[PDB]
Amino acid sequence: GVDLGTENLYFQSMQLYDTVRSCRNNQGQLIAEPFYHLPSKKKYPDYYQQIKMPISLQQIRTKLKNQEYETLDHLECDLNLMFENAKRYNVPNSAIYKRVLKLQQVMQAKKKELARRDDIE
């Protein structure tokens, strides 16, 4: 009525991304750092034989800038893809797997809030 829904969605998107990227633990360290960039090519070619659709916060960031995310669900799709790769490639007891579960939970809780409100916090 006083906004275009199309525009608010990019604001919601940028908030969801920021919440992941800047997520901190109890100490105050940044849980998402290992997801800032894809693993080296070619120092872990193992990873690329195994992970068919690699994605990290680098590529997500660029997609967001270029308004590729038409809905919050698309962004959540790519963030989930990133978490599920790390969960496929690492074992349940690794620290990084456990950091993914928390991140993913924080991510999904944030997306659910944003969609409930249909507005940024």
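A residue's number is simply how far along the shown sequence it sits, counting from 1.
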Can you tell me whether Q58 has a C-alpha B-factor in the lowest, middle or highest third compared with the other modelled residues of the same chain?
middle
Ranked against its chain, the third holding the CA B-factor of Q27
highest
Quick one: classify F83 as lowest, middle or highest third of the chain based on its Cα B-factor.
lowest
What third of the chain, by the recorded C-alpha B-factor, contains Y17?
lowest
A95: CA temperature factor from the record, placed by chain third, in the lowest
